[PDB]
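Observations on the model geometry
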Amino acid sequence: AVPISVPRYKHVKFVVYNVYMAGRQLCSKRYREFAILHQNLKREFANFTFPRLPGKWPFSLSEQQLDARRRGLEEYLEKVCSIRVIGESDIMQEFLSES
């Protein structure tokens, strides 16, 4: 429900995912940083049944599969950020920022 989006991935050598809230860019993060985010959030909020973070694959990802991972990360964030205590947590607010 909250207007969190991941409208792009970018090759930079690895891939980053560009996260926006209400059309404002908040951060640019690689997949492993999302994986760490999920582990941190789940430990902090373990009484919640978290949605599945998009997973790893036994092969390198094509352009189409990077787009699918982007969509999956957006769907994940749409769910967890729409829960106030999780979306406003120190963990999430740190994640959604630039160094």
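- As documented in the archive entry, the model was determined using X-ray crystallography at 1.776 Å resolution.

1. Quick notes on the nonpolar core
- Counting 26 residues, the largest nonpolar core has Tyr-17, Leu-77 and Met-92 as the members making the most contacts within it.
- Mapped by element, the contributors of at least two residues to this core are β1 (4-11), β2 (15-21), β3 (24-30), α1 (31-44), α2 (63-81) and α4 (90-95).
- Contacts of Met-92, omitting those with residues within four sequence positions, involve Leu-37, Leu-41, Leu-77, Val-80, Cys-81, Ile-86 and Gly-87.

2. Looking at the sheet that holds β3
- Taken together, 3 strands build an open sheet; the order of strands is β1-β2-β3 and the sheet is antiparallel. Here the strands that pair on one side only, and so sit at the sheet edges, are β1 and β3. For this sheet, the mean inter-axis angle between neighbouring strands, taken without regard to orientation, is 25°.
- Strand direction decides the pairing type here: β2 and β3, joined by 6 bridges, are antiparallel. Bridging from a neighbouring strand, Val-16 pairs with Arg-30 of β3.
- Along the sheet face, α2 touches β1 and β2 and points at about 150° away from the line of β1.

The rules behind the values
Residues numbered from 1 in each chain as written, not as in the entry; some residues may be left out. Heavy atoms only, no water. Residues with missing side-chain atoms left out of burial classes, pairs and counts. Core = buried A, V, L, I, M, F, W, Y, C linked by side-chain atoms within 4.5 Å. Buried < 20%, exposed > 50% of the residue type's maximum accessible area, 1.4 Å probe, protein only. Helix = DSSP H or I, 4+ residues; strand = E, 2+ residues; numbered from the N terminus. Contact = heavy atoms within 4.5 Å. Pairing = 2+ DSSP bridges. Axes fitted to C-alpha atoms, helices over the stretch in contact; angles between N-to-C directions.

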